[PDB]
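K.L.:
If it helps, the file is called work23.cif and holds mmCIF, N, CA and C atoms; chains and numbers go by the auth columns:
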```cif
data_run
loop_
_atom_site.group_PDB
_atom_site.id
_atom_site.type_symbol
_atom_site.label_atom_id
_atom_site.label_comp_id
_atom_site.label_asym_id
_atom_site.label_seq_id
_atom_site.Cartn_x
_atom_site.Cartn_y
_atom_site.Cartn_z
_atom_site.B_iso_or_equiv
_atom_site.auth_seq_id
_atom_site.auth_asym_id
ATOM 1 N N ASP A 1 -8.076 20.587 12.108 0.00 1 A
ATOM 2 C CA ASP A 1 -8.563 19.435 12.851 0.00 1 A
ATOM 3 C C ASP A 1 -7.366 18.741 13.506 0.00 1 A
ATOM 4 N N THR A 2 -7.653 17.886 14.473 0.00 2 A
ATOM 5 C CA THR A 2 -6.622 17.147 15.189 0.00 2 A
ATOM 6 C C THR A 2 -6.258 15.884 14.413 0.00 2 A
ATOM 7 N N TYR A 3 -4.958 15.740 14.175 0.00 3 A
ATOM 8 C CA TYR A 3 -4.397 14.574 13.499 0.00 3 A
ATOM 9 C C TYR A 3 -3.472 13.881 14.470 0.00 3 A
ATOM 10 N N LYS A 4 -3.370 12.579 14.296 0.00 4 A
ATOM 11 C CA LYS A 4 -2.625 11.736 15.236 0.00 4 A
ATOM 12 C C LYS A 4 -1.599 10.952 14.459 0.00 4 A
ATOM 13 N N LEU A 5 -0.475 10.659 15.105 0.00 5 A
ATOM 14 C CA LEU A 5 0.557 9.817 14.541 0.00 5 A
ATOM 15 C C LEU A 5 0.855 8.710 15.522 0.00 5 A
ATOM 16 N N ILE A 6 0.955 7.497 14.990 0.00 6 A
ATOM 17 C CA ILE A 6 1.402 6.339 15.738 0.00 6 A
ATOM 18 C C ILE A 6 2.730 5.944 15.132 0.00 6 A
ATOM 19 N N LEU A 7 3.779 5.903 15.965 0.00 7 A
ATOM 20 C CA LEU A 7 5.118 5.523 15.526 0.00 7 A
ATOM 21 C C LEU A 7 5.528 4.183 16.087 0.00 7 A
ATOM 22 N N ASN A 8 5.791 3.234 15.195 0.00 8 A
ATOM 23 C CA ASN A 8 6.342 1.931 15.575 0.00 8 A
ATOM 24 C C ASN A 8 7.765 1.783 15.069 0.00 8 A
ATOM 25 N N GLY A 9 8.723 2.148 15.921 0.00 9 A
ATOM 26 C CA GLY A 9 10.127 2.065 15.586 0.00 9 A
ATOM 27 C C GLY A 9 10.703 0.729 16.018 0.00 9 A
ATOM 28 N N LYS A 10 11.911 0.432 15.576 0.00 10 A
ATOM 29 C CA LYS A 10 12.530 -0.814 16.009 0.00 10 A
ATOM 30 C C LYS A 10 13.036 -0.701 17.447 0.00 10 A
ATOM 31 N N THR A 11 13.315 0.528 17.872 0.00 11 A
ATOM 32 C CA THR A 11 13.954 0.784 19.174 0.00 11 A
ATOM 33 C C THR A 11 13.060 1.637 20.080 0.00 11 A
ATOM 34 N N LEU A 12 11.974 2.147 19.508 0.00 12 A
ATOM 35 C CA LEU A 12 11.075 3.007 20.234 0.00 12 A
ATOM 36 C C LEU A 12 9.685 3.013 19.616 0.00 12 A
ATOM 37 N N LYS A 13 8.733 3.483 20.412 0.00 13 A
ATOM 38 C CA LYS A 13 7.363 3.638 19.988 0.00 13 A
ATOM 39 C C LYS A 13 6.900 5.002 20.458 0.00 13 A
ATOM 40 N N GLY A 14 5.873 5.534 19.819 0.00 14 A
ATOM 41 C CA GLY A 14 5.353 6.813 20.268 0.00 14 A
ATOM 42 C C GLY A 14 4.016 7.150 19.659 0.00 14 A
ATOM 43 N N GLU A 15 3.432 8.234 20.138 0.00 15 A
ATOM 44 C CA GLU A 15 2.176 8.700 19.594 0.00 15 A
ATOM 45 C C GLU A 15 2.183 10.185 19.850 0.00 15 A
ATOM 46 N N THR A 16 1.718 10.991 18.891 0.00 16 A
ATOM 47 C CA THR A 16 1.606 12.419 19.114 0.00 16 A
ATOM 48 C C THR A 16 0.442 12.945 18.294 0.00 16 A
ATOM 49 N N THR A 17 0.058 14.194 18.525 0.00 17 A
ATOM 50 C CA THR A 17 -1.029 14.817 17.754 0.00 17 A
ATOM 51 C C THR A 17 -0.571 16.174 17.273 0.00 17 A
ATOM 52 N N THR A 18 -1.271 16.716 16.270 0.00 18 A
ATOM 53 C CA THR A 18 -0.999 18.065 15.795 0.00 18 A
ATOM 54 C C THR A 18 -2.314 18.647 15.315 0.00 18 A
ATOM 55 N N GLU A 19 -2.442 19.959 15.380 0.00 19 A
ATOM 56 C CA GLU A 19 -3.594 20.631 14.793 0.00 19 A
ATOM 57 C C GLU A 19 -3.133 21.119 13.420 0.00 19 A
ATOM 58 N N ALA A 20 -3.858 20.756 12.369 0.00 20 A
ATOM 59 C CA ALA A 20 -3.471 21.177 11.018 0.00 20 A
ATOM 60 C C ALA A 20 -4.683 21.479 10.137 0.00 20 A
ATOM 61 N N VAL A 21 -4.476 22.245 9.067 0.00 21 A
ATOM 62 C CA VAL A 21 -5.585 22.608 8.201 0.00 21 A
ATOM 63 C C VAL A 21 -5.961 21.459 7.317 0.00 21 A
ATOM 64 N N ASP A 22 -4.987 20.625 6.957 0.00 22 A
ATOM 65 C CA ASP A 22 -5.285 19.459 6.129 0.00 22 A
ATOM 66 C C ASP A 22 -4.362 18.301 6.426 0.00 22 A
ATOM 67 N N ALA A 23 -4.764 17.124 5.943 0.00 23 A
ATOM 68 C CA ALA A 23 -4.125 15.866 6.271 0.00 23 A
ATOM 69 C C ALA A 23 -2.737 15.776 5.658 0.00 23 A
ATOM 70 N N UNK A 24 -2.640 16.156 4.387 0.00 24 A
ATOM 71 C CA UNK A 24 -0.871 17.560 3.384 0.00 24 A
ATOM 72 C C UNK A 24 0.018 18.065 4.502 0.00 24 A
ATOM 73 N N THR A 25 -0.429 19.089 5.209 0.00 25 A
ATOM 74 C CA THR A 25 0.360 19.639 6.302 0.00 25 A
ATOM 75 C C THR A 25 0.568 18.704 7.465 0.00 25 A
ATOM 76 N N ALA A 26 -0.443 17.940 7.864 0.00 26 A
ATOM 77 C CA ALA A 26 -0.199 17.023 8.987 0.00 26 A
ATOM 78 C C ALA A 26 0.839 15.974 8.616 0.00 26 A
ATOM 79 N N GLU A 27 0.712 15.425 7.426 0.00 27 A
ATOM 80 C CA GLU A 27 1.611 14.383 6.961 0.00 27 A
ATOM 81 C C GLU A 27 3.034 14.902 6.789 0.00 27 A
ATOM 82 N N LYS A 28 3.176 16.020 6.096 0.00 28 A
ATOM 83 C CA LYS A 28 4.476 16.634 5.850 0.00 28 A
ATOM 84 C C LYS A 28 5.241 17.545 8.053 0.00 28 A
ATOM 85 N N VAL A 29 4.390 17.824 9.010 0.00 29 A
ATOM 86 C CA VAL A 29 4.661 17.601 10.427 0.00 29 A
ATOM 87 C C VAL A 29 5.099 16.202 10.871 0.00 29 A
ATOM 88 N N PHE A 30 4.400 15.149 10.467 0.00 30 A
ATOM 89 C CA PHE A 30 4.649 13.822 11.061 0.00 30 A
ATOM 90 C C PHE A 30 5.799 13.103 10.364 0.00 30 A
ATOM 91 N N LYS A 31 5.827 13.217 9.053 0.00 31 A
ATOM 92 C CA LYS A 31 6.840 12.605 8.220 0.00 31 A
ATOM 93 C C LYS A 31 8.828 14.111 8.988 0.00 31 A
ATOM 94 N N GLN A 32 8.635 15.332 9.486 0.00 32 A
ATOM 95 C CA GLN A 32 9.492 15.902 10.539 0.00 32 A
ATOM 96 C C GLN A 32 9.554 15.228 11.930 0.00 32 A
ATOM 97 N N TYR A 33 8.440 14.708 12.441 0.00 33 A
ATOM 98 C CA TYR A 33 8.407 14.078 13.768 0.00 33 A
ATOM 99 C C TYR A 33 9.050 12.686 13.782 0.00 33 A
ATOM 100 N N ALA A 34 8.688 11.875 12.794 0.00 34 A
ATOM 101 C CA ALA A 34 9.213 10.521 12.697 0.00 34 A
ATOM 102 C C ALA A 34 10.697 10.583 12.397 0.00 34 A
ATOM 103 N N UNK A 35 11.072 11.503 11.513 0.00 35 A
ATOM 104 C CA UNK A 35 13.038 13.071 11.481 0.00 35 A
ATOM 105 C C UNK A 35 13.548 13.089 12.904 0.00 35 A
ATOM 106 N N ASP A 36 12.810 13.736 13.784 0.00 36 A
ATOM 107 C CA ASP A 36 13.179 13.837 15.203 0.00 36 A
ATOM 108 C C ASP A 36 13.435 12.499 15.875 0.00 36 A
ATOM 109 N N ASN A 37 12.755 11.457 15.422 0.00 37 A
ATOM 110 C CA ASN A 37 12.817 10.172 16.121 0.00 37 A
ATOM 111 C C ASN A 37 13.655 9.149 15.372 0.00 37 A
ATOM 112 N N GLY A 38 14.237 9.577 14.260 0.00 38 A
ATOM 113 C CA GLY A 38 15.105 8.730 13.462 0.00 38 A
ATOM 114 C C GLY A 38 14.382 7.542 12.859 0.00 38 A
ATOM 115 N N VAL A 39 13.084 7.696 12.620 0.00 39 A
ATOM 116 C CA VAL A 39 12.257 6.601 12.116 0.00 39 A
ATOM 117 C C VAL A 39 11.897 6.862 10.657 0.00 39 A
ATOM 118 N N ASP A 40 12.283 5.927 9.798 0.00 40 A
ATOM 119 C CA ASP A 40 11.833 5.921 8.409 0.00 40 A
ATOM 120 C C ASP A 40 11.167 4.563 8.157 0.00 40 A
ATOM 121 N N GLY A 41 10.085 4.541 7.384 0.00 41 A
ATOM 122 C CA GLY A 41 9.419 3.280 7.144 0.00 41 A
ATOM 123 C C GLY A 41 8.190 3.346 6.275 0.00 41 A
ATOM 124 N N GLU A 42 7.277 2.418 6.523 0.00 42 A
ATOM 125 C CA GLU A 42 6.054 2.288 5.761 0.00 42 A
ATOM 126 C C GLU A 42 4.932 3.076 6.429 0.00 42 A
ATOM 127 N N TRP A 43 4.197 3.823 5.619 0.00 43 A
ATOM 128 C CA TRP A 43 3.258 4.831 6.111 0.00 43 A
ATOM 129 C C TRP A 43 1.859 4.486 5.659 0.00 43 A
ATOM 130 N N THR A 44 0.891 4.672 6.545 0.00 44 A
ATOM 131 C CA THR A 44 -0.527 4.476 6.216 0.00 44 A
ATOM 132 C C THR A 44 -1.313 5.609 6.852 0.00 44 A
ATOM 133 N N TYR A 45 -2.494 5.904 6.326 0.00 45 A
ATOM 134 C CA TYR A 45 -3.365 6.927 6.911 0.00 45 A
ATOM 135 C C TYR A 45 -4.763 6.343 7.061 0.00 45 A
ATOM 136 N N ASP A 46 -5.432 6.652 8.175 0.00 46 A
ATOM 137 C CA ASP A 46 -6.818 6.242 8.401 0.00 46 A
ATOM 138 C C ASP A 46 -7.665 7.500 8.508 0.00 46 A
ATOM 139 N N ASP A 47 -8.410 7.796 7.447 0.00 47 A
ATOM 140 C CA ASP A 47 -9.236 8.994 7.363 0.00 47 A
ATOM 141 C C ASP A 47 -10.299 9.065 8.450 0.00 47 A
ATOM 142 N N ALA A 48 -10.845 7.908 8.823 0.00 48 A
ATOM 143 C CA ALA A 48 -11.896 7.813 9.848 0.00 48 A
ATOM 144 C C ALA A 48 -11.509 8.430 11.181 0.00 48 A
ATOM 145 N N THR A 49 -10.276 8.164 11.609 0.00 49 A
ATOM 146 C CA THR A 49 -9.769 8.640 12.882 0.00 49 A
ATOM 147 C C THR A 49 -8.652 9.690 12.712 0.00 49 A
ATOM 148 N N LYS A 50 -8.425 10.114 11.480 0.00 50 A
ATOM 149 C CA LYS A 50 -7.376 11.071 11.120 0.00 50 A
ATOM 150 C C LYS A 50 -6.038 10.708 11.756 0.00 50 A
ATOM 151 N N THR A 51 -5.631 9.458 11.560 0.00 51 A
ATOM 152 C CA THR A 51 -4.487 8.883 12.239 0.00 51 A
ATOM 153 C C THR A 51 -3.522 8.292 11.226 0.00 51 A
ATOM 154 N N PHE A 52 -2.273 8.767 11.250 0.00 52 A
ATOM 155 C CA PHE A 52 -1.200 8.221 10.421 0.00 52 A
ATOM 156 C C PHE A 52 -0.444 7.216 11.240 0.00 52 A
ATOM 157 N N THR A 53 0.056 6.178 10.583 0.00 53 A
ATOM 158 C CA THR A 53 0.927 5.221 11.272 0.00 53 A
ATOM 159 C C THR A 53 2.188 5.056 10.457 0.00 53 A
ATOM 160 N N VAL A 54 3.349 5.071 11.119 0.00 54 A
ATOM 161 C CA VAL A 54 4.582 4.695 10.444 0.00 54 A
ATOM 162 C C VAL A 54 5.170 3.491 11.184 0.00 54 A
ATOM 163 N N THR A 55 5.637 2.511 10.417 0.00 55 A
ATOM 164 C CA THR A 55 6.287 1.346 10.982 0.00 55 A
ATOM 165 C C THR A 55 7.647 1.187 10.335 0.00 55 A
ATOM 166 N N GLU A 56 8.680 1.109 11.169 0.00 56 A
ATOM 167 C CA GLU A 56 10.048 0.920 10.705 0.00 56 A
ATOM 168 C C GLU A 56 10.256 -0.519 10.318 0.00 56 A
#
```
Show me, as structure tokens, the structure contained in the file I just sent.
P.N.:
Amino acid sequence: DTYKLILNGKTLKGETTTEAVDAXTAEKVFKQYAXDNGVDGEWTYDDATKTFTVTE
């Protein structure tokens, strides 16, 4: 299924999607993507919209 990430960084913002078998693999892609963007922070997931958010 399609999973979405919302990134709220101190210096940047972003949004991306990935196709994954489970919300496990999507989280462990997004928690590499937020790696690529130098963003570490507080993480939440919304099952309704399959959307993760990280805020620095």
K.L.:
For the provided coordinates, the residues matched by the PyMOL selection byres ((chain A and resi 15) around 7) should be stated as an NGL selection string.
P.N.:
:A and (4-7 or 13-14 or 16-17)
K.L.:
Starting from the PyMOL selection byres ((chain A and resi 50) around 6), expand the selection into actual residues of this file and give them as a PyMOL selection string.
P.N.:
chain A and resi 2-4+46-49+51-52
K.L.:
Could you dump the residues just selected with N, CA and C atoms as a tab-separated table (two decimals), in the coordinates of the input?
P.N.:
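Once written, selection.tsv looks like this:
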```
chain	number	residue	atom	x	y	z
A	2	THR	N	-7.65	17.89	14.47
A	2	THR	CA	-6.62	17.15	15.19
A	2	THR	C	-6.26	15.88	14.41
A	3	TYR	N	-4.96	15.74	14.18
A	3	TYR	CA	-4.40	14.57	13.50
A	3	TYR	C	-3.47	13.88	14.47
A	4	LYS	N	-3.37	12.58	14.30
A	4	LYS	CA	-2.62	11.74	15.24
A	4	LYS	C	-1.60	10.95	14.46
A	46	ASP	N	-5.43	6.65	8.18
A	46	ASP	CA	-6.82	6.24	8.40
A	46	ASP	C	-7.66	7.50	8.51
A	47	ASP	N	-8.41	7.80	7.45
A	47	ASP	CA	-9.24	8.99	7.36
A	47	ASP	C	-10.30	9.06	8.45
A	48	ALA	N	-10.84	7.91	8.82
A	48	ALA	CA	-11.90	7.81	9.85
A	48	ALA	C	-11.51	8.43	11.18
A	49	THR	N	-10.28	8.16	11.61
A	49	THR	CA	-9.77	8.64	12.88
A	49	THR	C	-8.65	9.69	12.71
A	51	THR	N	-5.63	9.46	11.56
A	51	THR	CA	-4.49	8.88	12.24
A	51	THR	C	-3.52	8.29	11.23
A	52	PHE	N	-2.27	8.77	11.25
A	52	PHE	CA	-1.20	8.22	10.42
A	52	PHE	C	-0.44	7.22	11.24
```
K.L.:
What lies within 8 Å of residue 34 in chain A using all atoms listed in the file, ignoring chain neighbours under 6 positions off, as a list in words?
P.N.:
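Selected residues are residues 7, 40, 41 and 54 of chain A.
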K.L.:
Write down as a list in words the residues belonging to chain A that are assigned strand (DSSP E or B) by DSSP computed on the backbone.
P.N.:
residues 2, 3, 4, 5, 6, 7, 8, 13, 14, 15, 16, 17, 18, 19, 42, 43, 44, 45, 46, 51, 52, 53, 54 and 55 of chain A
K.L.:
I need the residues from that last selection saved to file as a short mmCIF file (atom, residue, chain, number, x, y, z; two decimals), in the coordinates of the input (with N, CA and C atoms), if you can.
P.N.:
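Dumped everything to out24.cif:
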```cif
data_model
loop_
_atom_site.label_atom_id
_atom_site.label_comp_id
_atom_site.auth_asym_id
_atom_site.auth_seq_id
_atom_site.Cartn_x
_atom_site.Cartn_y
_atom_site.Cartn_z
N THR A 2 -7.65 17.89 14.47
CA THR A 2 -6.62 17.15 15.19
C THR A 2 -6.26 15.88 14.41
N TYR A 3 -4.96 15.74 14.18
CA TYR A 3 -4.40 14.57 13.50
C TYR A 3 -3.47 13.88 14.47
N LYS A 4 -3.37 12.58 14.30
CA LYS A 4 -2.62 11.74 15.24
C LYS A 4 -1.60 10.95 14.46
N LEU A 5 -0.48 10.66 15.10
CA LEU A 5 0.56 9.82 14.54
C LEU A 5 0.86 8.71 15.52
N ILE A 6 0.96 7.50 14.99
CA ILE A 6 1.40 6.34 15.74
C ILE A 6 2.73 5.94 15.13
N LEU A 7 3.78 5.90 15.96
CA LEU A 7 5.12 5.52 15.53
C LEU A 7 5.53 4.18 16.09
N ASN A 8 5.79 3.23 15.20
CA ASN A 8 6.34 1.93 15.58
C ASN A 8 7.76 1.78 15.07
N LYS A 13 8.73 3.48 20.41
CA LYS A 13 7.36 3.64 19.99
C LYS A 13 6.90 5.00 20.46
N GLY A 14 5.87 5.53 19.82
CA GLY A 14 5.35 6.81 20.27
C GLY A 14 4.02 7.15 19.66
N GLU A 15 3.43 8.23 20.14
CA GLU A 15 2.18 8.70 19.59
C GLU A 15 2.18 10.18 19.85
N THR A 16 1.72 10.99 18.89
CA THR A 16 1.61 12.42 19.11
C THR A 16 0.44 12.94 18.29
N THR A 17 0.06 14.19 18.52
CA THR A 17 -1.03 14.82 17.75
C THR A 17 -0.57 16.17 17.27
N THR A 18 -1.27 16.72 16.27
CA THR A 18 -1.00 18.07 15.80
C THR A 18 -2.31 18.65 15.32
N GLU A 19 -2.44 19.96 15.38
CA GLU A 19 -3.59 20.63 14.79
C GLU A 19 -3.13 21.12 13.42
N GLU A 42 7.28 2.42 6.52
CA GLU A 42 6.05 2.29 5.76
C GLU A 42 4.93 3.08 6.43
N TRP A 43 4.20 3.82 5.62
CA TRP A 43 3.26 4.83 6.11
C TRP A 43 1.86 4.49 5.66
N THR A 44 0.89 4.67 6.54
CA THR A 44 -0.53 4.48 6.22
C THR A 44 -1.31 5.61 6.85
N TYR A 45 -2.49 5.90 6.33
CA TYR A 45 -3.36 6.93 6.91
C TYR A 45 -4.76 6.34 7.06
N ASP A 46 -5.43 6.65 8.18
CA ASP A 46 -6.82 6.24 8.40
C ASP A 46 -7.66 7.50 8.51
N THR A 51 -5.63 9.46 11.56
CA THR A 51 -4.49 8.88 12.24
C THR A 51 -3.52 8.29 11.23
N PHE A 52 -2.27 8.77 11.25
CA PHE A 52 -1.20 8.22 10.42
C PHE A 52 -0.44 7.22 11.24
N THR A 53 0.06 6.18 10.58
CA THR A 53 0.93 5.22 11.27
C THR A 53 2.19 5.06 10.46
N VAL A 54 3.35 5.07 11.12
CA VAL A 54 4.58 4.70 10.44
C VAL A 54 5.17 3.49 11.18
N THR A 55 5.64 2.51 10.42
CA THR A 55 6.29 1.35 10.98
C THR A 55 7.65 1.19 10.34
#
```
K.L.:
Please identify which residues in chain A DSSP calls alpha helix (DSSP H) from the backbone, and express them as a list in words.
P.N.:
residues 23, 24, 25, 26, 27, 28, 29, 30, 31, 32, 33, 34, 35 and 36 of chain A
K.L.:
To one decimal place in Å, what is the distance between atom C of residue 26 in chain A and atom N of residue 12 in chain A?
P.N.:
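One can read the atom C of residue 26 in chain A to atom N of residue 12 in chain A distance as 20.8 Å.
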K.L.:
Give the answer as one residue: which of A:32, A:37, A:53, A:1 has the shortest atom-to-atom distance to residue 18 in chain A, using only C-alpha atoms?
P.N.:
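Using only C-alpha atoms, the shortest distance to residue 18 in chain A belongs to A:1.
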K.L.:
Tell me, in Å to one decimal, how far atom C of residue 44 in chain A is from atom N of residue 20 in chain A.
P.N.:
16.3 Å
K.L.:
What does the distance from CA of residue 10 in chain A to atom C of residue 35 in chain A come to in Å, to one decimal?
P.N.:
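A separation of 14.3 Å between them.
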K.L.:
Pick out the closest residue to residue 55 in chain A from this set: A:36, A:42, A:22, A:27. Count all atoms listed in the file.
P.N.:
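Of all the options, A:42 lies closest to residue 55 in chain A.
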